[PDB]
Amino acid sequence: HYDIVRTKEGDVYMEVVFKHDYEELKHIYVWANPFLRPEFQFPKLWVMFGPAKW
Amino acid sequence: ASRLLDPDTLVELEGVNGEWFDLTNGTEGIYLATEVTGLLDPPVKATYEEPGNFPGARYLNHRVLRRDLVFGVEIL
């Protein structure tokens, strides 16, 4: 968002607020099966075993 | 042309026991000293606002405040 502020003593300024690129991972969901329609989600959990980075 | 300024002004205190003092004639040994502040008009808080950028101010309120009297008495 951005604010345009006029204070009672007469200062006028703009403040612009930004969220870091990490925020993308909060607007991405891990589907139970990425490759299928949301109308049919099998297997019921996404489950993966391996080295943590991979 | 030529005159003496000699007012008929009488100042008395009636105390909380009904005891009286004449502060003009000092018949009880007590006189009002020089320099009294708080007789005549009571203090007033006038309230104005200066919002935005229009020239001058708006009146909002005025209130008569608590009157403070500062004086002294000369005790012989």
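The rules behind these values
Residues numbered from 1 in each chain as written, not as in the entry; some residues may be left out. Chains lettered and ligands numbered in written order. Part of a larger assembly, values for the part shown. Heavy atoms only, no water. Helix = DSSP H or I, 4+ residues; strand = E, 2+ residues; numbered from the N terminus. Rg over C-alpha atoms; globule rule 2.2 N^0.38 Å. Buried < 20%, exposed > 50% of the residue type's maximum accessible area, 1.4 Å probe, protein only. Contact = heavy atoms within 4.5 Å. Areas by Shrake-Rupley, 256 points an atom, 1.4 Å probe, with all protein chains shown as cover. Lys, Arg positive; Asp, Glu negative; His and termini not counted. Charge placed at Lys NZ, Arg CZ, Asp CG, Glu CD. 1 Å grid on protein atoms, 1.4 Å probe; cavity = no way out; pocket = protein on both sides within 12 Å on 5 of 7 lines; lining within 4 Å. Points joined across faces, edges and corners; volume = space filled by probe spheres on them. Nonpolar A, V, L, I, M, F, W, Y, C, P; charged D, E, K, R; others polar. Polar contact = N/O pair within 3.5 Å; in protein donor to acceptor, adjacent residues only side chain to side chain.

### Side note on the overall build of chain B
Here's step 1: In terms of helices and strands, chain B carries 0 helices and 6 strands.
Here's step 2: Seen in sequence order, chain B has helices and strands lined up from the N terminus as β-β-β-β-β-β.
Here's step 3: Radius of gyration (C-alpha) of chain B: 21 Å, far over the 11 Å computed for a compact globule of 76 residues.
Here's step 4: Summarising its shape, the C-alpha atoms of chain B cover approximately 60 × 45 × 20 Å along the three principal directions.
Here's step 5: In chain B, buried positions account for 8% of the 76 residues.
Here's step 6: Sequence-distant contacts, at least 24 apart, represent 38% of the contacts inside chain B between residues at least 6 apart.
Here's step 7: Surface accessibility of chain B: about 7,000 Å² in total, with carbon and sulfur atoms responsible for 54%.
Here's step 8: For chain B, the centre of its 6 positive side-chain charges and the centre of its 13 negative side-chain charges are spaced 16 Å apart.

### Concerning the layout of surface pockets
Here's step 1: One number sums up the size of the largest pocket: a volume of about 210 Å³.
Here's step 2: Contributing to the lining of the largest pocket are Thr9, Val11, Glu12, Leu13, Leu23, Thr24, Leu32, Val36, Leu39, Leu69 and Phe71 of chain B.
Here's step 3: Taken together, the residues of the lining of the largest pocket break down into 8 nonpolar, 2 polar and 1 charged.
Here's step 4: A volume near 170 Å³ is recorded for the second largest pocket.
Here's step 5: As for the second largest pocket, its lining consists of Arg6, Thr7, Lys8 and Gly10 of chain A together with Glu50, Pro51, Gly52 and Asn53 of chain B.
Here's step 6: Classifying every residue of the lining of the second largest pocket by side-chain character gives 1 nonpolar, 4 polar and 3 charged.

### Quick notes on the environment of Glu14 of chain B
Residues and elements named next belong to chain B.
Here's step 1: Tracing the sequence through the fold places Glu14 in strand β1 (residues 12-14).
Here's step 2: When the C-alpha atoms of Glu14 and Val36 are compared, they prove to be 18 Å apart, with 22 residues separating the residues in sequence.
Here's step 3: A distance of 3.4 Å separates a polar atom in the side chain of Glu14 from a polar atom in the side chain of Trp20.

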